[PDB]
């Protein structure tokens, strides 16, 4: 589908077409302290696509919430994006639990399909704008998931840390007919002054997860988030 729900926020319209180059897609960010959304290419940002491996964010929370993940661990599985680990979590979660969570979280079209790898170029779809809203709300507003689980997720998503910022996120790469079809990078950044949630989606050109990550870093840098 398309995500049609209006954004009742005075959001800033960006032009990062040059950074995207030959690639088509969108970029969305949200500043906690300013309570502000920033969007490049709002039209594309509302189109729903398969989340691919970015859905491992939520499978991890479900695994922790249901004590499937206890005490190859979460960090190695997330950082190397080990598929069997997360397919097994999904297999061990009752459907109605998942359906209930996706409804409370407002995750995209909520379509679980055959309830087997439904997040990998299949039934479940979410827009780039929704990726940011949903992730921000799950971490900052949702009180069903515990802070312990949230901290374990964050530790598994940590990519960069220095005196200026901490960068967290997860890539996704959809493959169709032997080629990139769908590129994602979803995450958040903690600086000394603010916290930003963000996501880049690539629909065409060279739409790989790594390309989405690289474009994400260039945009955040250019916007001064990494200063």
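Residue numbers count along the first chain shown, from 1.
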Problem - Other entries lacking residue 177, at least a third - result: yes
Exercise for the section: Please report whether at least a third of the other compared entries leave residue 101 without coordinates. Expected result: no
Practice task
Decide which of the stretches 62 to 70 and 162 to 170 has the higher mean C-alpha B-factor, going by the entry.
Solution key: 62 to 70
Exercise for the section: Take the C-alpha B-factors listed in the entry for 18 to 26 and for 5 to 13, compute each mean, and give the stretch with the larger one. Expected result: 5 to 13
Fill in the blank from the handout: Highest CA B factor of 127, 80, 142, 155, as deposited, is found at 80
Exercise for the section: Could you say which of 56, 33, 48, 201 has its CA atom at the highest B factor, as listed in the PDB entry? Expected result: 33
Practice task
Looking at the entry's B-factor column for C-alpha atoms only, identify whether residue 137 ranks in the lowest, middle or highest third of its chain.
Solution key: lowest
Exercise for the section: Sorting the chain's modelled residues by C-alpha B-factor, tell me whether residue 96 ends up in the lowest, middle or highest third. Expected result: highest
Handout entry: Position of residue 131 among the chain's modelled residues by C-alpha B-factor, lowest, middle or highest third
Key = lowest
